[PDB]
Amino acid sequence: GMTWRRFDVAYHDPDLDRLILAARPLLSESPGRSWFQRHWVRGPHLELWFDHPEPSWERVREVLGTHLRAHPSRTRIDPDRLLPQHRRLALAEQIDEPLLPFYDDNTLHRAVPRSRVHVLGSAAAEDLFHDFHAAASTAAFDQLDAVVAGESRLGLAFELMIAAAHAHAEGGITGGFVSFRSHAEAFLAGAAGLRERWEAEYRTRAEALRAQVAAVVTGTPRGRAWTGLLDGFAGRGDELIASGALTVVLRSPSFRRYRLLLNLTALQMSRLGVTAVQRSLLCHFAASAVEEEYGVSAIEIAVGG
């Protein structure tokens, strides 16, 4: 917190995948824990977090300098309409920090790490997330090779969601149902007319989605890699929800674990460039595919008595 460095790479092109990829050597060079995330404070930007002195500002400035100059971002923005969205997002995410001015495109800034303690629960909670972000930043680089190499971004994300529910939900995949239906019903309560669209988008892909669910449930290299990564944080997470040092079958200790590991997965989806809408769509896709593939209703009714 007095050790963490943060660098903000201002970039208004929503596609960051190639920029992120350029920055990979920096994190490999870093002897400590390093990580990155997409963020919006003072406009779209990439954030590079390092808890050790190396690489170093001038290293960072030269690596990202090359790329930024070679591959600039031509995208404009609307500061006038964007500011209100952020001022709301600041209240939502609970973000005290200069929202103004906006960074100019294609600029490297040095910046102070923000604290997430008042949001996460403890200092211990904050450390756990740093650890996860570090591990998941590594795994993000691989997943983004694939994506730039043409692969489905949304398809990779769905895979992580399904794998996580199967490994870590009480009762495997059918036990992640409610959490999927939850995330998605939340979004649709906030915009009625999308319900029907979400339904039509599932319907044309129904058997295709189910086939992916089944495939991930059986086991895939990517699926086992992700759940493995999450493994590392399950034990430590338990303690912190047990001890009360981490954000609140409400009281259920093994429902709390899962909700956390599902949030970590969601953060991975941000990192990979899956927006709130796409994330809402995947959750709907997941809830419906799981329903139809396993007759989750038949089951809920069955265990009714």
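Note that residue numbering follows the sequence shown and begins at 1.
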(request) Using the PDB record, quantify the missing residues of the deposited sequence between residue 248 and residue 249 as none, 1 to 3, 4 to 9, or 10 or more. (result) 10 or more
(request) Identify the stretch, either 290-298 or 10-18, whose C-alpha atoms have the larger mean B-factor according to the entry. (result) 10-18
(message) Which is higher on mean Cα B factor in this entry, 115-123 or 85-93?
(response) 85-93
(request) Between 200, 167, 161, 77, let me know which has the highest C-alpha B-factor in the entry? (result) 77
(message) So if I compare the CA B-factors in the entry for 254, 275, 34, 268, which one is the largest?
(response) 254
(message) Ranking every modelled residue in this chain by its Cα temperature factor as given in the entry, which third contains residue 138?
(response) middle
(message) Quick check on the deposited entry: does the C-alpha B-factor of residue 60 sit in the lowest, middle or highest third of its chain?
(response) middle
(request) Sort the modelled residues of this chain by their C-alpha B factor and say whether residue 209 lands in the lowest, middle or highest third. (result) lowest
(message) Which third, lowest, middle or highest, does the C-alpha temperature factor of residue 27 belong to within its own chain?
(response) middle
(request) Looking at the entry's B-factor column for C-alpha atoms only, identify whether residue 242 ranks in the lowest, middle or highest third of its chain. (result) highest
